Amino acid sequence: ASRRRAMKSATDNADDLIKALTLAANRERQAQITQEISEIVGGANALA
Amino acid sequence: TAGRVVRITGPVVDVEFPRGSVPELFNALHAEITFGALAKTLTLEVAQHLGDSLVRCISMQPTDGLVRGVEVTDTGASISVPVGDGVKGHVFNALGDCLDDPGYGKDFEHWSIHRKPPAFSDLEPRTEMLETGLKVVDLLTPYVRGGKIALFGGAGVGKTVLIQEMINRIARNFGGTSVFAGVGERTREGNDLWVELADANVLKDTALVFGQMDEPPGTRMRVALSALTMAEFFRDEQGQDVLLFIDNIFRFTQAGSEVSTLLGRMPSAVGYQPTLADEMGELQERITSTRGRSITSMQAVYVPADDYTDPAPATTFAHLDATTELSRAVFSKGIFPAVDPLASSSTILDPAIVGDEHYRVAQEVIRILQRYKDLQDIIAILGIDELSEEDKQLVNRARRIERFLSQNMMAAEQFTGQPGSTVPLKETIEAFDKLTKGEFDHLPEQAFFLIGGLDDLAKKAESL
Amino acid sequence: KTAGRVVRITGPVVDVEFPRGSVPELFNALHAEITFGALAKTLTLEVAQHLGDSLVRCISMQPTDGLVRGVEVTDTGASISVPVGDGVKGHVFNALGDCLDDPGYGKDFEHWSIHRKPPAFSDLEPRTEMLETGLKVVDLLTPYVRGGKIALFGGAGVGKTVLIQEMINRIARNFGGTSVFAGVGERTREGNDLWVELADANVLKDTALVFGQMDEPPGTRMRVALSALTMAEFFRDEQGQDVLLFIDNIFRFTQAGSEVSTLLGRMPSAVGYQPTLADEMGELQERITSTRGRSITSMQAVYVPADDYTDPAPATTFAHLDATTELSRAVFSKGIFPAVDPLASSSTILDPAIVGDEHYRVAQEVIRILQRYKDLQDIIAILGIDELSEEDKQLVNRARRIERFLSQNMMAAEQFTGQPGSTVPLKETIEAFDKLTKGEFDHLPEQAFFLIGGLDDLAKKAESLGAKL
Amino acid sequence: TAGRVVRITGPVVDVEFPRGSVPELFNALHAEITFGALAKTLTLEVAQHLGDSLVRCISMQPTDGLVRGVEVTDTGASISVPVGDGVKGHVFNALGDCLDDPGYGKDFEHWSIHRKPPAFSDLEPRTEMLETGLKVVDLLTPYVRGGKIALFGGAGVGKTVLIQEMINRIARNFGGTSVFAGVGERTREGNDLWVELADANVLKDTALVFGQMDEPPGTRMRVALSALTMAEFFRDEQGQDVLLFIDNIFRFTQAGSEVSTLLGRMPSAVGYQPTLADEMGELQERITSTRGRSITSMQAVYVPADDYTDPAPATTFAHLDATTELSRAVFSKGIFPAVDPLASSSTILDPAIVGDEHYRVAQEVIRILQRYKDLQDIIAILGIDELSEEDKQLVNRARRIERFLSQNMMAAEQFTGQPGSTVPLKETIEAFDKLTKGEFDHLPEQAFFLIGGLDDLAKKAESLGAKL
Amino acid sequence: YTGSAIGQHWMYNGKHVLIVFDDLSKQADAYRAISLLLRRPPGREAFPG
Amino acid sequence: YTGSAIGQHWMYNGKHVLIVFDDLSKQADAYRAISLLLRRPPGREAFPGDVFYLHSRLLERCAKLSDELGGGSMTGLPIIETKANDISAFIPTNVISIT
Amino acid sequence: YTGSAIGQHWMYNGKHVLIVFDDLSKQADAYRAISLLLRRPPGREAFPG
Ligand SMILES: Nc1ncnc2c1ncn2[C@@H]1O[C@H](COP(=O)(O)OP(=O)(O)OP(=O)(O)O)[C@@H](O)[C@H]1O
Ligand SMILES: Nc1ncnc2c1ncn2[C@@H]1O[C@H](COP(=O)(O)OP(=O)(O)O)[C@@H](O)[C@H]1O
Ligand SMILES: Nc1ncnc2c1ncn2[C@@H]1O[C@H](COP(=O)(O)OP(=O)(O)O)[C@@H](O)[C@H]1O
Ligand SMILES: [Mg+2]
Ligand SMILES: [Mg+2]
């Protein structure tokens with residue numbers, strides 16, 4: 001019974017960890033796209 | 001007073017005019033490609049005034065074959081689409097040209113696609129619910145009259161049949177009409193929708209406006225405005241309740257981003273146009289209820305990278321009022337419509353709007369279904385026998401409730417002999433209240449498939 | 001005559017055309033006049049660039065709203081100067097030297113240009129005298145340096161300002177020297193609160209306050225630090241008096257520099273910052289320094305944007321410090337005050353040579369235990385503590401107690417919690433953390449170690465909880 | 001008729017010529033730096049026709065000391081390098097100058113370094129295994145004789161050591177000609193390779209062309225073309241089998257990107273030149289065997305910041321027949337050569353070319369390693385005892401397999417003091433079949449670390465107390 | 001700024017004012033749009049400095 | 001486009017055509033190179049504002065014609081090479097939405 | 001480069017030299033600042049090509 005409770009807790013904690021990690025990964029994804037565009041446009045402006 | 005093409009850079013065209021005849025912004029100009037293979041008439045939308053009597057314009061058609069110096073004509077108005085009852089049962093492009101009957105509608109009244117939302121004093125300060133007659137939608141995720149509904153669903157989960165059902169219901173239970181806006185419409189799917197609506201006989205009640213995927217970004221950006229213009233004419237001039245469909249709104253946003261990139265504007269966060277929110281607001285604020293008539297909009301939303309914080313879905317959801325998730329799992333059960341009762345949501349499902357009893361019944365249904373979903377994995381792996389008698393009876397109750405959430409739709413008649421059913425909201429609320437209480441467990445499960453109110457439940461009970 | 005005229009206005013930045021041979025030198029102050037009714041004023045423009053064709057690009061200290069093209073611009077012939085002397089103490093000034101609490105005061109004082117070179121390298125001498133604050137975490141893991149440079153890093157709302165107030169209370173209160181506070185792009189009501197608090201505590205008579213706050217143009221927000229630093233430099237180099245220099249917030253100086261660089265047309269660097277970010281920061285920081293026989297203890301709060309410690313601004317600021325307290329969002333979330341990250345903070349004088357062998361040993365053992373706990377967080381977030389070995393379980397319990405005991409009821413925290421603060425002598429801190437690291441308090445409950453001072457407080461709180469020390 | 005320097009900005013020089021005397025693209029021009037400390041003759045390569053009788057050129061040498069308005073002379077042809085059997089045994093720079101014997105080869109035939117790739121009708125796919133004696137390469141990434149081989153990896157993972165190992169294993173017994181191209185790598189490494197080839201007596205058959213990372217971007221852009229021109233002469237004219245070693249081919253792309261913006265080109269994604277793929281294809285499509293003429297090319301490909309999705313390595317991937325991908329994770333584990341078995345690939349690793357037994361054993365090894373990779377995090381968090389018996393057995397087998405894929409390399413002795421070993425392909429296949437069957441599960445995994453074949457395994461197991 | 005000025009008029013007359021901005025996120029988005037349309041170089045999350 | 005034209009000739013003549021594009025990502029890279037060298041404004045991943053159009057107008061020429069036009073058909077098999085299984089990249093997103 | 005030249009003078013005269021660059025990150029930042037102020041086209045992270 002205690003192993004069942006512990007594994008339920010662990011699965012829920014893995015749910016929370018995966019949710020937080022996915023949020024952080026999406027923030028990083030957006031930041032990378034924005035930074036790449038900033039570099040591209042800055043280079044283009046330097047040549048304008 | 002005609003202009004002449006000066007520069008051609010893909011879909012972007014610069015046009016010079018005499019000093020006193022520079023067109024207004026968003027005016028539709030015409031140019032001619034005369035090369036035999038690609039001969040056509042380009043429609044150019046004035047985007048910017050560059051100075052020196054030059055205007056930067058977005059071509060609504062591919063510029064291949066265009067020649068510098070060709071005459072450019074100014075129509076004196078922005079893109080205007082035909083309006084009236086004549087647009088029903090026909091297919092138009094973003095510019096108001098009929099696709100199933102070229103030259104049709106040329107003589108109708110024409111409305112500019114750029115219009116302002118209703119004045120502040122003319123908006124309705126009280127939110128209202130749109131009773132559709134569908135049990136699952138009416139109870140769990142009530143629709144807002146004049147509101148916005150996101151539609152989510154994978155292939156083959158009845159999205160097309162649901163759209164047909166909503167067309168039927170708006171036309172039959174409200175004396176209204178439907179405008180379908182295919183933004184980034186696949187030509188194969190556009191033809192399929194045309195043929196399917198014709199076969200279902202509901203094409204007479206709907207006007208299709210396709211900005212197709214193989215078009216430059218300008219038409220894909222303006223097709224939603226064209227469809228919304230037709231809908232606004234129906235709401236304002238014909239005094240009808242309209243049901244506007246947009247698939248896909250994300251493609252409207254993406255076409256706007258592409259147009260912004262072509263016009264040399266610095267991209268915003270995640271590379272979207274700087275005016276993403278402004279464009280979304282301009283589109284969505286026109287879908288409202290005004291002086292007793294409303295445009296309700298069901299919009300397919302694509303979420304990039306499944307990231308709901310992405311600027312496009314984040315901006316779109318600021319305007320949405322309800323969500324309808326079509327579930328593959330639900331569809332595979334034979335339940336129609338395949339609406340996910342737990343993934344779906346509605347912002348007006350609160351006591352202040354739908355009353356206390358509607359909220360109470362809906363929350364009880366949600367709790368029961370959530371418990372059943374939680375127990376589903378145990379059922380599948382360790383078996384039902386493992387669950388306690390309380391869990392077994394809860395599972396039976398939840399199975400009956402989810403079966404009763406299904407309904408015989410009016411769009412299903414073309415597939416099955418029986419016609420569709422409409423269920424008054426009060427009858428739905430009381431029936432689901434009783435079902436949650438456990439007043440029909442003794443009845444068999446199959447009795448709850450594809451029926452309407454309690455009378456149909458009783459009849460199917462004797463039938464089995 | 002020889003006055004220039006305004007040719008371009010782009011927000012705070014102004015282009016001025018002068019007759020040939022009358023182009024003002026870089027950093028000279030120029031005066032223009034805004035004559036519109038509600039906004040009528042005199043603009044002070046600092047020359048920033050020579051554009052050629054007898055044009056100068058200048059940074060305005062006041063908002064340029066209402067300024068017209070072609071208005072006469074007069075060259076003061078020198079740079080912005082601020083009053084200096086014993087008279088500045090007890091009074092509030094703005095970036096330009098104007099007295100706020102008493103307009104007109106200090107106009108007759110000696111005036112020093114706010115621009116000057118840093119001390120000659122030959123006059124620099126490293127400082128290693130420990131500055132005891134009475135805070136357990138600071139005294140143990142990040143001992144501050146007397147005459148050195150201390151920084152407090154932290155995102156939004158982690159306690160930088162409260163810690164600055166704490167250090168003003170703990171250091172400036174019973175201080176024989178002078179103090180200079182430089183509010184740089186922070187809340188104005190915080191400046192008013194500091195003014196009133198210093199008046200109440202009688203420390204105001206020894207303090208000079210210079211404020212350029214949030215609602216100021218970027219030019220003022222990037223020059224106010226120079227103005228306050230000039231007053232501090234006068235006290236250091238002319239009166240030979242130990243100087244305290246509190247700055248809050250220096251990242252706002254960097255941010256204003258970035259805004260100006262954007263307006264000046266400079267090509268942006270990474271993350272949109274000015275290309276001269278490190279150079280501007282170094283020019284400012286190298287002036288904040290003790291010299292041989294002349295001590296400036298400076299304490300700067302550094303804002304970390306979006307909790308991002310790799311942002312270029314704090315990243316370049318790190319190199320200019322002798323002690324670096326890093327406030328962490330996670331520690332703050334746990335309720336630990338001061339929300340110091342004991343693993344990311346550092347002190348140049350935390351070595352056995354300076355602080356002694358036992359201090360160093362205890363600090364290193366605390367750091368090792370906390371590092372092991374940080375390593376085990378990955379396992380603990382999923383499976384909890386019970387899957388660890390007995391050694392790791394014991395270490396985790398010890399580490400949780402240690403991290404709670406690094407918190408403290410601060411003097412400046414009374415206004416928030418109503419609880420008076422506590423001071424812990426360094427010797428007691430070393431003894432207590434030596435006992436903790438050896439597991440002498442493992443039987444006490446964790447909350448017994450939370451927001452207390454020394455071992456006597458630990459005993460009292462443990463008894464109140466139910467455990468006896 | 002001579003031009004004059006108008007603009008100087010780093011390695012890019014603008015030159016104005018009289019109308020009607022504008023040099024053709026890729027022509028070599030000559031300018032003089034007369035300053036005593038840096039006196040030299042700059043070779044510029046015409047890169048663009050700016051119009052108005054101006055040309056933008058890339059300097060092959062540092063432009064420090066160059067003056068505006070100095071005379072610029074047009075040679076009338078592109079950069080050309082000596083070709084023939086005389087290049088063998090000597091060291092050249094990108095411009096064809098001999099380094100170990102200045103003036104040597106000036107009388108040889110000179111070929112332009114700019115050349116179109118072989119006609120498509122002369123291209124024949126190569127499917128012939130080239131055995132090396134390295135267990136991991138021979139089993140999972142079999143190399144192709146006359147094919148294109150690459151060693152991908154981040155900084156300091158073993159690419160250069162692996163290239164030296166393959167020079168030892170392949171070129172030493174080679175009957176044809178070898179060409180080595182040092183492209184933007186360490187000068188010390190070039191000296192070491194020169195001395196090592198002299199020691200092994202392989203140098204007499206080898207032509208070395210060096211443009212190192214201290215050279216300006218133009219030299220790093222054209223050194224690969226120079227070496228490839230020599231190799232192309234040996235292939236087409238001399239009609240002999242050629243080995244071509246390139247280290248590092250990424251430096252060609254990097255040098256291209258260094259001057260891209262100074263040439264007025266808008267940057268592409270990740271700061272690369274817009275013409276990344278085009279220039280890479282122009283260079284790579286020349287590195288090929290034709291019908292009846294063989295070039296076995298081996299290229300080291302630097303992967304910037306270990307990111308295999310970076311545009312440069314990602315573009316390079318398509319040009320290769322076999323790819324050995326070295327991993328920083330494998331490296332940090334201590335496995336050498338630090339090959340990533342799950343990521344490397346070879347187009348001849350199919351039953352038709354290598355045979356059913358080899359293919360099956362390789363596929364089983366890959367499956368076991370993939371499953372172990374999937375279970376690694378489970379083991380890390382929950383421990384290995386919570387796996388099934390089958391999973392535990394698979395984990396033991398996979399650990400032994402990954403250790404046995406490591407090998408004591410001949411060129412790695414200086415890093416370990418242990419002399420290297422060579423494992424025949426048949427022995428490799430047999431040993432890995434046994435490993436996948438679980439016939440060595442009774443030996444400690446440490447017995448499998450940096451050994452040769454099965455005899456070495458038995459000896460090391462004995463030294464550890466186990467018995468094989 | 002319009003709401004703030006309206007409120008400031010009363011505030012500087014001895015009145016007590018409560019001003020709600022619903023919401024400043026959208027004001028920041030609008031200002032970023034204006035800055036990008038002005039071609040001002042952006043910083044974090046494409047926002048102006 | 002050359003392959004699509006060759007196939008379209010057969011498709012409009014009542015034949016059935018299968019066209020494989022290997023790979024469309026390389027086409028997008030080449031078009032981006034051309035657009036950058038022409039100094040057209042870039043967007044995500046430096047791609048021009050009409051790369052989606054580049055691929056959409058190509059792929060919509062694969063169609064099943066009506067019986068009036070002969071009933072010919074062209075079936076498209078575009079190939080996209082993702083990196084690190086990143087299907088949310090720009091070109092993969094476009095082509096996924098198109099097909 | 002100054003330190004390298006000083007060391008090279010000794011190295012080329014038979015001496016053994018040890019040079020420490022503390023640190024090249026700040027040199028890179030300074031070079032980037034110079035290049036940006038000269039308005040040369042930037043690359044990754046605004047560094048010059
Ligand atoms: N020692 C403390 N005890 C209790 N509460 C505290 C303490 N330090 C800070 N706080 C709480 O945190 C709030 C923020 O503190 P403070 O203003 O010092 O932060 P900050 O880092 O300077 O913030 P900002 O980025 O807004 O300038 C304080 O108002 C108080 O609510
Ligand atoms: N209410 C319903 N009754 C019977 N069959 C249905 C119903 N709704 C959907 N279906 C079936 O499910 C399939 C879903 O296809 P469709 O509605 O076109 O969605 P999509 O276009 O997303 O595949 C249809 O072929 C239809 O036969
Ligand atoms: N087979 C090996 N055995 C032991 N050490 C190795 C081996 N291969 C590489 N190394 C170590 O890794 C370092 C990097 O190798 P090298 O190929 O020179 O770098 P890169 O991969 O960047 O070319 C070597 O200097 C050596 O110390
Ligand atoms: Mg603060
Ligand atoms: Mg190497």
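Counting starts at 1 for both ligands and their atoms, in listed order. Naming: A, B, ... by sequence-line order, numbering from 1 per chain.
The closest side-chain donor-acceptor pair between C:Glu186 and C:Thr161, if any, does not fall under 3.5 angstrom. In this model, no donor atom of one side chain and acceptor atom of the other lie less than 3.5 Å apart for C:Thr254 and C:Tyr273. A donor and an acceptor atom, one from each side chain of C:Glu326 and C:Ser345, are nowhere located under 3.5 Å apart. No side-chain N or O of C:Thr417 forms a donor-acceptor pair with one of C:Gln419 less than 3.5 Å apart. Remark: the B:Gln414 side chain and the B:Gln164 side chain contain an N/O donor-acceptor pair separated by less than 3.5 Å.
Contact residues for ligand 1 (protein heavy atom closer than 4.0 angstrom to any ligand atom): C:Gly155, C:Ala156, C:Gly157, C:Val158, C:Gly159, C:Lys160, C:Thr161, C:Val162, C:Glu186, C:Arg187, C:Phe332, C:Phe337, C:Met410, C:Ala413, C:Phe416.
Only protein N, O or S atoms were scored, and 1 of them lie under 2.8 Å from the Mg ion (ligand 4).
The backbone N or O of B:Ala155 sits less than 3.5 Å from a side-chain atom of B:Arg328, completing a donor-acceptor pair.
In this structure, C:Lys136 satisfies the cation-pi test against C:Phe405, with its NZ or CZ atom closer than 6.0 Å to the six-membered ring centre and inside 45 degrees of the ring normal.
Side-chain contact between C:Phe337 and C:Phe416 is absent, with no heavy-atom pair separated by less than 4.5 Å.
Around atom CG of B:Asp306, no more than 12 heavy atoms belonging to other residues, nucleotides or ligands sit under 6.0 Å away.
Under the side chain to side chain donor-acceptor pair (under 3.5 Å) criterion, C:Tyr303 pairs with no residue, sequence neighbours left out.
When all heavy atoms are compared, the tightest approach of C:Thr423 to C:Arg170 is OG1-NH1, 2.9 Å. Across B:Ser421 and B:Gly452, no two heavy atoms sit closer than the pair OG-CA, 3.3 Å. The two atoms that bring C:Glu132 and C:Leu426 nearest to each other are OE2-N, 3.0 Å, heavy atoms only.
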Can you pull every nitrogen or oxygen pair between ligand 2 and the protein closer than 3.5 angstrom?
residue, atom, partner, partner atom, Å
ligand 2, 17 (O), B:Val161, N, 3.2
ligand 2, 18 (O), B:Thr160, OG1, 3.4
ligand 2, 21 (O), B:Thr160, OG1, 2.7
ligand 2, 22 (O), B:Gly156, N, 3.3
ligand 2, 23 (O), B:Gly156, N, 3.0

